Each structure stands twice: as structure tokens, then as C-alpha cells.
Amino acid sequence: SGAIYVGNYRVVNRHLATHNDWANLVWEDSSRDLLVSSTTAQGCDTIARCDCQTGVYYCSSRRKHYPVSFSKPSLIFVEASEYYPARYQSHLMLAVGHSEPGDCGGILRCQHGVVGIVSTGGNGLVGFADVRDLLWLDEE
Ligand SMILES: CSc1ccccc1CCN1C[C@@H](C(N)=O)CC1=O
Ligand SMILES: [Zn+2]
């Protein structure tokens, strides 16, 4: 689990969104595994606006932050899971790293701020849903 809190927005994995998230919905995209809801309190995270390919992510199944090299956001085939059939997920970046299903939501960050959140994985790979192109998260 986990979320990004920027401005009056909460960014979560679409497959982990709560009823309160759906009842306060701003935007959702199943192909990206992302959902954004509105919040009453202002958050403290800043979004990275860059092309970094190295950063650090939080892995809840290890209680550790790991430095990683990750691919550019792309259209990647993701195996069937409890939440989606086997399909292509867009704006996904892959890295070598430990992940388990409940690791979704962990933040990947670089020197500029938050880059995205854990969304996929298995067999020593971890995939992150990018948020750097969502410029509207910085305003309103
Ligand atoms: C850290 S994810 C992971 C790790 C180990 C094994 C399996 C997984 C993938 C689990 N997933 C991927 C999500 C998606 N974005 O399609 C939906 C879901 O249930
Ligand atoms: Zn950066």
C-alpha cells in the first residue's frame, strides 16, 4: 500500500483505491494503474519534472529503500494478477529489485522529487507507474 500526497491530491494504485477515493475522484486510468482523489489537507510530496533513470524506491516487504536504475516509461506486457488480466500497461518503468503484491504504492524518487509508485513485479523485477508527465498535479 501507499500513496503520493501532493497539493490537494492523493495518488494511489487504481487497484488499491478505496470507496472514499472513488467518491472524491479527480482522474483514473486503468491502462496506467493510477487513480487520483481530492484531499482536505495539503500534502508535502513534490513531483519530479525530469528524465532521471536512477532513483530510490521503498520496498515494504523488506522495510528498506533501494537504489535502482529503471527504464523509460513504456508500454510493457504484465502477467495476469488478482486485479488485472494479462495486458499491456502504459507509462510503466522496470527495474531489477524485490517486489511482492503488497509492495504496490511504495514511492520511487530521484533528486528532483517523486517519480512514481510501485505497480508491478515478480522474479526480481519491480515496475513503477510514472507520474512525471501529469503536470496538473502541480496546480489547482
Ligand atoms: C509489486 S507487484 C507484484 C510483485 C510480485 C508478484 C506479482 C506482482 C504483480 C501484482 N499486480 C500488478 C498490478 C498491475 N499493475 O497490473 C496488479 C497486481 O495485482
Ligand atoms: Zn530527477
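The residue numbers of chain A are those assigned by Swiss-Prot, with the residues present covering 869-1008 sequentially.
The backbone N, Cα and C atoms fix where each Cβ goes, and this holds for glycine too.
Annotated features, as they stand in Swiss-Prot:
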type	residues	note
ACT_SITE	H883	active site, for protease 2A activity
ACT_SITE	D901	active site, for protease 2A activity
BINDING	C918, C920, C978, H980	Zn(2+) 1 binding site
ACT_SITE	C972	active site, for protease 2A activity
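Structure with Swiss-Prot features highlighted.
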residue: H883; record: active site, for protease 2A activity; DSSP (3 states): helix
residue: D901; record: active site, for protease 2A activity; DSSP (3 states): coil
residue: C918; record: Zn(2+) 1 binding site; DSSP (3 states): coil
residue: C972; record: active site, for protease 2A activity; DSSP (3 states): coil
residue: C978; record: Zn(2+) 1 binding site; DSSP (3 states): strand
Whole-number Å value for how far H883 (active site, for protease 2A activity) lies from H980 (Zn(2+) 1 binding site) (Cα to Cα): 27
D901, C918, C920, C978 filtered to the recorded positions whose C-alpha is within 10 Å of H883 (active site, for protease 2A activity): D901
Contacting recorded positions for ligand 2, chosen from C920, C972, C978 when the Cβ sits under 6 angstroms of any of its atoms: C920, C978
Distance-selected binding-site residues near ligand 1 (C-beta under 6 Å), from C918, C920, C978, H980: none
Cβ atoms near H883 (active site, for protease 2A activity) (within 10 Å, other residues, all chains): 16
Shell list (Zn(2+) 1; ref centroid = CB of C918, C920, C978, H980; cutoff 8 A): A916, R917, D919, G923, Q979, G981, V983, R1000
The one of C918, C972, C978 whose CB sees the fewest other CB atoms within 10 Å, among these recorded positions: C918
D901, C920, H980 as recorded positions, winner by CB count within 10 A: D901
Using Cα positions only, nearest of the recorded positions to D901 (active site, for protease 2A activity) (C918, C920, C972, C978): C972
